[PDB]
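# Coordinate analysis (summary)
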Amino acid sequence: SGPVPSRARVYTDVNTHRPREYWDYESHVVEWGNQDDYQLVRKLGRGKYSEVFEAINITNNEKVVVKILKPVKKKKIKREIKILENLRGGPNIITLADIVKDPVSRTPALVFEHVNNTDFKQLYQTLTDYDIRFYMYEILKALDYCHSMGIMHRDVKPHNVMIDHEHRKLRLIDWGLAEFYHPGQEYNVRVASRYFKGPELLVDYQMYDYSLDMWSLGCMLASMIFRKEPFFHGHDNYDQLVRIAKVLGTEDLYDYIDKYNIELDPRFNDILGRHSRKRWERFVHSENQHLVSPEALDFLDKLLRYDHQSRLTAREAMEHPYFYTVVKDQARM
Ligand SMILES: Brc1cccc2nn[nH]c12
Ligand SMILES: [Cl-]
Ligand SMILES: [Cl-]
């Protein structure tokens, strides 16, 4: 018969208990402002597939970031707006300041609070042990918040984390793939960037939850403490699962597939083979050993599980011994 159903271990019913308007983004009515309140200063480098500008609010001479929404379903645009409005003011969440259309092209754009175009990817292979712990804890505050608000990010990766290293400030950005969690909803598995895709995405298990973000976070942590970018380096989406299976082992993979009665794409039958679960010590060498501790490996091991239900929640992660010194230093401000 079909795949075995799954529910989030935490924040399972939070959208059900909200008014319909909170999560029913298709029925959201946007008041569209005038892009002529803003003057674009310069294009920010965000890849071939993104149009983001530094701009000035000409009324108050404030710096902002403008994101021009490349043509895409109006439903996706409402979804990102409604999620950004719901999360506005949450810890380490980017602030949506305005929603505007070009008066001529009528192209929709999002206006955000200014952040420097310094993403985590530029910094996260040069950090101290303490700074990896510090910024991981700041990312967890954003994830525990959006999860508690019934939202999964689904595109957690270094490029989507903006850091002001001088002020030790972080923002989680690009909510364009984010969704509301509803118990029993089957989601699109064609989300996230290859190297950060959870096993649920790779084996086509659609009834996933907030725990997807916790896999992505584990991939980022592994890349940082082992200085191995990316940690799971697949040629394509099929090879991605093989790269995972060569570390996590095939026994736990086939147990996962059996537990949720997953129908494994036939292409997997040749390429997964048979692999032991590897000890993390295998990835430790003289140029990363200063970032690796028993605490870091214990924490990483609890994020990188095939079974999405087994992974730490954001709040459980924030309680791990890996963050004791960060928590203590925060309480003393
Ligand atoms: Br770049 C950038 C900056 C601020 C918010 C953003 N949301 N998506 N990309 C963003
Ligand atoms: Cl990235
Ligand atoms: Cl989607």
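Quick notes on the rules
- Residues numbered from 1 in each chain as written, not as in the entry; some residues may be left out.
- Chains lettered and ligands numbered in written order.
- Heavy atoms only, no water.
- Salt bridge = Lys/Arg side-chain N within 4 Å of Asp/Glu carboxyl O.
- Helix = DSSP H or I, 4+ residues; strand = E, 2+ residues; numbered from the N terminus.
- Buried < 20%, exposed > 50% of the residue type's maximum accessible area, 1.4 Å probe, protein only.

This deposited entry lists X-ray crystallography as its structure determination method and 1.73 Å as its resolution.

### Some words on the pattern of salt bridges
Within the structure shown, the criterion is met by 19 salt bridges. As a salt-bridge pair, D307 and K259 come within 2.6 Å of each other at their nearest N and O atoms. Within this pair, whereas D307 is found in the loop between α9 (294-303) and α10 (314-318), its partner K259 is found in helix α7 (residues 250-259), the two being separated by 48 residues in sequence. Overall, the relative accessible area of 12% leaves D307 in the buried class. With relative accessibility at 42%, the residue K259 sits in the partly exposed group. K302 is the partner of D298 in a salt bridge, and the nearest nitrogen-oxygen pair spans 3.2 Å. Placement of both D298 and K302 in helix α9 is noted, with a separation of four residues, approximately one turn of the helix. According to the relative accessible area criterion, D298 is partly exposed, its value standing at 35%. Taken together, the shared-partner salt bridges connect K67, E80 and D174 into one network.

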